[PDB]
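Chains as they are written, first to last, in the entry's author numbering: chain A, 274 to 380; chain B, 274 to 380; chain C, 274 to 380.
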């Protein structure tokens, strides 16, 4: 007769902050391959079939190919590196993250 | 007779802040391949079939190809690097993130 | 007659902060392959079949290939590195993360 229903996710599919904030680098001398296969997928397939049917749910995906028949380097491959990515990350303080979830029945 | 229904996501499919904020770099001497296959997909396929049908749900996807038949380098491949990406990240403080979710029944 | 139902996730599928914040690097002298196969998938397949049907749920996935028929290096492959990724990470204090979940029945 009284159905207080608080909730935050009922029938949900969440990818929060997902697959992010990543320094990818590549500093080669020569003839190098870097591959970062990094998808962020989310699917919800509901394929009901009826009585004689044929469902061919074939979405496919990424195909990354690198071929190289010939590649030469006739001289010295030198690479002097002093430094990379001199990151300084100084955040302040006093941060507050208050997440209050009250509820009240009375008479 | 009284159905207070608070909620935040009922039948949902969320990708929040998803797959972002990423420094990708590539500093080669020569003849290099960088591939960052980075999609952010979201799908919701509902393919009902009836009684004799044929559903061919074939959406396909990314095909990244790199071919190279010949490639030469007759002399020295030098690359002196002092520095890269001198990032300084200084945020302030006192930040407040208040997320209150009250509720009240009375008589 | 009174059904107070607090909840946070009922029938849910969450990937929070998932697969993130990663420094990938590659500093080769030459002829190197780095592959970081890093997807973040989430699926929810509900494939009911009826009475004679054929469901071929074949979504496929990533295919990363690297071929190299020939590759040469006629001279010295030198790579002097002083330093990489001089990261300094100094966050402040006083941080508060209050997550209160009250509830009250009365008469």
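Every residue, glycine too, gets a C-beta built ideally from N, C-alpha and C.
Residue 371(C) sits close to residue 371(A), with the two beta carbons spaced by under 8 Å.
Taking 8 Å as the cut-off, the beta carbon of residue 302(B) is found no closer than this to the beta carbon of residue 309(A). Around the C-beta of residue 318(A), 16 or more other C-beta atoms lie within 10 Å, and the residue is accordingly described as buried. Between the region 285–305 of chain B and the region 289–296 of chain A, the count of C-beta pairs closer than 8 Å reaches three or more; the two stretches touch. The Cβ atoms of residue 278(B) and residue 376(B) do not sit closer than 8 Å to each other. Linking residue 352(A) to residue 365(A) through their CA atoms gives a straight-line distance of about 38 Å.
Residue 284(C) and residue 321(C) have their alpha carbons spaced roughly 19 Å apart. Only residues of its own chain outside the window of five on either side were considered, and among them 306 have a CB closer than 6 Å to the CB of residue 339(B), listed in chain order. Here residue 373(B) carries a coil assignment [DSSP, helix/strand/coil]. In its chain, beyond the 5 residues on either side, 288, 291, 292 have a beta carbon closer than 7 Å to the beta carbon of residue 313(C). Residues 303, 304 of the same chain have their beta carbon placed closer than 7 Å to that of residue 346(C), with the five preceding and five following residues left out of the count. No Cβ-Cβ contact shorter than 8 Å links residue 330(B) with residue 362(A). When DSSP states are grouped into helix, strand and coil, residue 357(B) belongs to the coil group. As the crow flies, the alpha-carbon of residue 337(C) is around 46 Å from that of residue 367(B).
Around the CB of residue 374(A), 16 or more other CB atoms lie within 10 Å, so the residue is classed as buried. The three-state reading of DSSP puts residue 286(C) in strand, counting E and B together. Here the C-alpha atom of residue 335(C) lies approximately 53 Å from the C-alpha atom of residue 378(A). Under the DSSP definition of a beta bridge, residue 327(C) partners with 327(A). Rounded to the nearest whole angstrom, the C-alpha separation of residue 282(C) and residue 344(B) is 56 Å. Using a Cβ distance threshold of 8 Å, residue 280(C) and residue 275(A) do not count as a contacting pair. Of the residues assessed, residue 311(A) falls on the buried side of the cut-off, its CB having 16 or more other CB atoms within 10 angstroms.
Collapsing the DSSP output to three states places residue 380(B) in coil.
It is roughly 35 Å from the alpha-carbon of residue 380(B) to the alpha-carbon of residue 369(B). Linking residue 357(B) to residue 359(A) through their CA atoms gives a straight-line distance of about 7 Å. The Cβ neighbour count for residue 315(A), taken over all protein chains shown within 10 Å, is at least 16; the residue is labelled buried.
For residue 338(A), the enclosing beta strand (DSSP E) has its first and last residue at 336–339. Beta-carbon to beta-carbon, residue 327(A) and residue 326(C) are separated by about 7 Å, close enough to satisfy the 8 Å threshold.
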